[PDB]
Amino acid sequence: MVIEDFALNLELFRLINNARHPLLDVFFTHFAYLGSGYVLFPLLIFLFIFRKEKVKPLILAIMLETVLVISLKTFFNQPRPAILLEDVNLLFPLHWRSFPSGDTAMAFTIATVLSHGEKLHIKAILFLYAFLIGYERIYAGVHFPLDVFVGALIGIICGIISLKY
């Protein structure tokens, strides 16, 4: 069962993965680090200093999304675009566990928990960051639009669930 092989998913991927430029390649390569788990420890330390009330919600939300993301990654074991499709523009050598996008889920988890109760321009900054991570995964050729949409969905839900608890 390959859930990534429907017309809307493949046509959307081609539109993003083919609209390229060397400056986009550099920007998204530099930007990808902000969607990895390597920002979590630096971020949590700064939260502990300036926004300690957000530390516990973010930790619980990241735990929720991480468990949910690795579970779906293991059960579905979907191929990434470099395996399913031909002539994929690849920025990172990733091939498997496509569904869903963990970087997108974490980024939307960060944006959901940290936007709560904050000024409007802070919400726009965080959710533009989350959007660019999701766009970066498709531009890098390592994810399908289905992976980043569900990943974003997981991140938003787990962030909201954590804020309520």
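Each residue number is its position in the shown sequence, starting from 1.
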{"item": "Greater mean Cα temperature factor according to the PDB record, 8-16 or 138-146", "value": "8-16"}
{"item": "Comparing 99-107 with 66-74, the one whose average Cα B-factor in the PDB entry is higher", "value": "66-74"}
{"item": "Member of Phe50, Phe131, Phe41, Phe31 with the greatest C-alpha B factor (per the PDB record)", "value": "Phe50"}
{"item": "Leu23, C-alpha B-factor rank within chain (lowest, middle or highest third)", "value": "highest"}
{"item": "Modelled-residue ranking by C-alpha temperature factor, third containing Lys119", "value": "middle"}
{"item": "Chain third (lowest, middle, highest) by recorded CA B-factor, residue given as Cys158", "value": "lowest"}
